[PDB]
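Observations on the three-dimensional arrangement
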Amino acid sequence: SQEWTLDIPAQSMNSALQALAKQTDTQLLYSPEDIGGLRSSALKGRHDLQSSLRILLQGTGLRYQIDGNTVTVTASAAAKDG
């Protein structure tokens, strides 16, 4: 039951990620300029951190690196995931 009740904004992605950070005790690395002010896919409910990241991120063609308390959202322009 290592899941949380999230409260994520559906506005600019910069807000959603920062909100998730404080609320799950995680550090999220992202570029506010590089996200073009895209609206995030609000996932406010009960889900696990990695799972929530996957659901929220899916749609931006980005890759999320989750390591302990570090979440690094990088843009991998390669159709070759591993």
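Per the deposited record, solution NMR is how this structure was determined.

1. Examining the pattern of salt bridges
This model, assessed by the stated rule, comprises one salt bridge. Residues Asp-81 and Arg-63 are paired through a salt bridge, measuring 2.7 Å at the closest nitrogen-oxygen approach. In this pair, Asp-81 is assigned in the segment after strand 5 (70-74) and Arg-63 in strand 4 (residues 63-67), connecting sequence segments 18 residues apart.

2. Side note on the sheet that holds strand 4
If you walk across this open sheet you meet the three strands as 2-5-4, and the pairing is mixed. If you trace the sheet from one side to the other, it starts and ends with strand 2 (27-29) and strand 4, each paired once. For this sheet, the mean inter-axis angle between neighbouring strands, taken without regard to orientation, is 15°. In the packing of helix 2 (residues 49-57) onto the sheet, the strands contacted are strand 4 and strand 5, and the crossing angle to strand 4 comes to about 170°.

3. Describing empty space enclosed by the protein
Unfilled space is identified by rolling a water-sized probe across the atoms. Tallied over the entire structure, the rule returns one cavity of 30 Å³ or more. If you add up the space inside the largest cavity, you get close to 50 Å³. Lining the largest cavity we find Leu-17, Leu-28, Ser-52, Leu-53, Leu-56, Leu-57, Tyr-64, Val-71 and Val-73. Looking at the lining of the largest cavity element by element, the count peaks at four residues for helix 2. Across the lining of the largest cavity, the residue classes tally to eight nonpolar, one polar and no charged.

Procedures and definitions
Residues numbered from 1 in each chain as written, not as in the entry; some residues may be left out. Heavy atoms only, no water. Salt bridge = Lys/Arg side-chain N within 4 Å of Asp/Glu carboxyl O. Helix = DSSP H or I, 4+ residues; strand = E, 2+ residues; numbered from the N terminus. Pairing = 2+ DSSP bridges. Axes fitted to C-alpha atoms, helices over the stretch in contact; angles between N-to-C directions. Contact = heavy atoms within 4.5 Å. 1 Å grid on protein atoms, 1.4 Å probe; cavity = no way out; pocket = protein on both sides within 12 Å on 5 of 7 lines; lining within 4 Å. Points joined across faces, edges and corners; volume = space filled by probe spheres on them. Nonpolar A, V, L, I, M, F, W, Y, C, P; charged D, E, K, R; others polar.

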